[PDB]
Amino acid sequence: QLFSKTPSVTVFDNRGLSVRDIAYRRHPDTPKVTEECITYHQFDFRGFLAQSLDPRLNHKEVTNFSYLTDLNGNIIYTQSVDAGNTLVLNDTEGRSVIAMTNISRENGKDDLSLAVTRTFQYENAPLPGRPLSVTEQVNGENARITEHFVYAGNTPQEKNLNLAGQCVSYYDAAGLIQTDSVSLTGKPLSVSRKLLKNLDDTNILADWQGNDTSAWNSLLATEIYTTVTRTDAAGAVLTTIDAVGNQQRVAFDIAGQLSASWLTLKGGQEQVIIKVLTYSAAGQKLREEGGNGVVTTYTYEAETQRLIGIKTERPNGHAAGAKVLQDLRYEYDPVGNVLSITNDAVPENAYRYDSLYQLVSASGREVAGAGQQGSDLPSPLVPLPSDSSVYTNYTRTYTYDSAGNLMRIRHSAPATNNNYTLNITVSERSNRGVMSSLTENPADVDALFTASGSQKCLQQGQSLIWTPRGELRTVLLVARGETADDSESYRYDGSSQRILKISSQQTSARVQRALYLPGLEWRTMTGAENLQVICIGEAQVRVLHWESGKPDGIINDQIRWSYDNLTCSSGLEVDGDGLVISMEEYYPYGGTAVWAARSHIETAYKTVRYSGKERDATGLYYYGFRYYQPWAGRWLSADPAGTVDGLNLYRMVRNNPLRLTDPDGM
Ligand SMILES: [K+]
Ligand SMILES: [K+]
């Protein structure tokens, strides 16, 4: 009813070019008011895209994007109000050769004072011109060679391992990845990671100079982290032995779908993780029984293949008794927005959207009185509630501008009087926006970001340092001048995937290290706990194996099943006996509304929460390419993928976080 006369329109010029995107925004509270939102696209004399303007900024004579191309329409130079200015160029072979980023302006001209220049080097003739190295140089500083590739030859030794023509040695920002063996099916059977020595010091940086691997191997720490894989005839992975010797095993059905999975801890016997897994005709998971006897049943809508039911239960005849642990029921609008959710065990979440399918209202429950939402998790409710009066109902309202910037989250919890409003202050010349506690003046928002559009201050006392590639380097949590600061640093591989996280807090010093490897998280705590987290699935089931510092209250090699919702948010942790360990509910944009557990000690070992992503101690969710602020409803930096999902480079899953999920950030 709210959607009458709200189509999507594309307006063309006389040469088949889309010069206008027209939407029609209508709020359910004011159904007589329809805002015509117009996005403008201007094309040049050569028929290529030159300018793009959102409905908001166009009114203020500011251009979201400007492009300058070659004679074929390939973009060379870009001006972004969100991502700053950039310059790229590819060669005649189509390969990237240069990318200059983090450029601003002011005085009129472009400010190159902090420009980052990444260049790509390839094998020269008579070689096939394979990738040779990647060089990275910040303005005024020396160039570092951040990547180097080494390829195997034609020797019988190399052929027997199927390595001929393969990049056998990859030197990245973290150190070295060696490919030891390749399957007959072209799949890696053995890879080994070596870390650069002293990655604990944030000032030590990779720099692979020259063409001698002997001189480089000396810069690597001694430990070798080898992941071994065994694949089937169709190239699918069957077994995996991680760097510490644990094995994951899978088996597929007659249709080649994952049908069972097992785990064999080092020195242990094989045990069932997933016993049986059935699928719908559309290949969606239907019934999934785990080793804890717990059964998840997925119910789908016949006409649409939409997931309308998620039922996790201890079935009849279970050793711990029959019980429905979770029974999520989804009701959708004809377009597929989640209108409502129910859980059987009365509780109900209701949702209202605008004609653009932006979430404008959300009802739910929280443990009241929690207090005003921030970067922190609520204190866990221990033990598990027996009564539901412990929860109170809340209603949140969401307010967006013409460019999709979430400006306001109005939290209303009347009964416990837990009422507050989270305001986001948006720039008047960009999509850059921060919480009002940082500034309430639109004119001061842009200074709080880099030229690339990466946020420099998380909260009031907390600053953000970034890598030249735009990766998050350091979160300064408690600054103490000189020179003992509560902080958390990060390291990434050549693919910009996180490999290392180091948290430091003053007490000599509490240091928490997290090493991310295939199917494995190696977490140490000093100031000593040595924890190895086996990640099973792709991550669904997690196993906690202590080599040292196992706390009382938790048995070693503890298996934790995770049970999610529609958008993959970890809601229930359940042990090997099928007993609920923790339960967690989320505000639509990620904040934790409910956090409960059967013990205080088991709470500290859940890291993955919203959208199946890890929440770091900083409060940020790490998605892969970008960090997410669940309290501000937006990304911490501009989309590195650019305009693939609209002009707004900060907008979070198109402002519909109940239907949509983001896999990486990018
Ligand atoms: K519509
Ligand atoms: K061979």
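Counting starts at 1 for both ligands and their atoms, in listed order. Residue numbers count from 1 along this sequence. All values below come from the heavy atoms of this structure, side chains included, with hydrogens, waters and symmetry mates left out.
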Can you spot which of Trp208, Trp216, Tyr170 makes a ring-ring contact (aromatic ring centres under 6.0 Å, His included) with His148?
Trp216
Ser133 versus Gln121, side-chain donor and acceptor atoms under 3.5 Å:
yes
Regarding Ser8, does it place an N, O or S atom less than 3.4 Å from the K ion (ligand 1)?
no
Aromatic centroids of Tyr332 and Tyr351 separated by under 6.0 Å
no
Verify the distance test for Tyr24 against the K ion (ligand 1): any N/O/S atom under 3.4 Å, yes or no.
no
NZ/NE/NH1/NH2 to OD/OE distance under 4.0 Å, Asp401 and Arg56
yes
Which residues and atoms, protein N, O or S only, are under 3.4 Å from the K ion (ligand 2)?
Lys159 O, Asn162 OD1
Residues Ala350 and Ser363: closest non-hydrogen pair is N-OG, 2.8 Å
Please work out whether the ring planes of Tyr394 and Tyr587 are parallel, tilted or perpendicular, with thresholds of 30° and 60°.
perpendicular
If I take the K ion (ligand 1) as the centre, what angle separates the OG1 atom of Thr6 from the O atom of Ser355? Nearest 10 degrees is fine.
100°
May I ask you to check whether over 12 heavy atoms, not counting those of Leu184, lie within 6.0 Å of atom CG?
no
